[PDB]
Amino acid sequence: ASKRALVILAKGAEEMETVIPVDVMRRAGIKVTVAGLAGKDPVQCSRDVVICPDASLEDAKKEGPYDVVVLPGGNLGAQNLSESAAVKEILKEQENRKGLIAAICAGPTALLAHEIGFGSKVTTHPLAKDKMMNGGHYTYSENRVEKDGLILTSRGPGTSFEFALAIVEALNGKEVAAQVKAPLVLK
């Protein structure tokens, strides 16, 4: 049975941190559902790229659970995720069933907002460190990708391939990640 990923897409998401993980995960044979936080309608991202979700989050939740829940970053994206009760429930349930949660850039600040994975070693965008560390609910890390149990974090658009490949490795193993990596012409 193919592994399955839920990518939650909010208005103002960083489109690179959305698309690179979706594409790389799909190359790995993961069944990815791009779920629109605000329904099925096209989502305007942080640099005005417009992406059409596969489904509403409502409908995607019904087809769960997933092997990973992925939170893209972007300022407004992460704010929208942070304010969503529906996201709070999905993350709580995922942590409960001991499922992977992966967040990049400002994405991890939605973990803070929803009290997810307190005590975890995490990274964020440098500019989101102070926000993430407010209240001392995590240990901060400078690693481009950080994985502490079922909490996988990363730093920015430029770490998106490394982030996506860490998810692949976590779900599908090192050999599949190497396969996916081979034609990407990464440095």
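Throughout, we count residues from 1 along the sequence that is shown.
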Can you tell me which stretch has the higher mean Cα B-factor, 128-136 or 46-54? 128-136
On average, which has the higher Cα B-factor in the deposited entry, 161-169 or 16-24? 161-169
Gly149: CA temperature factor from the record, placed by chain third, in the highest
Can you work out whether the C-alpha temperature factor of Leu184 puts it in the lowest, middle or highest third of the chain? lowest
Would you please rank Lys31 by its C-alpha temperature factor against the other modelled residues of its chain and give the third it falls in: lowest, middle or highest? middle
With respect to C-alpha B-factor, does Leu81 fall in the lowest, middle or highest third of the chain as deposited? middle
How does the C-alpha B factor of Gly74 compare with the rest of the chain: lowest, middle or highest third? lowest
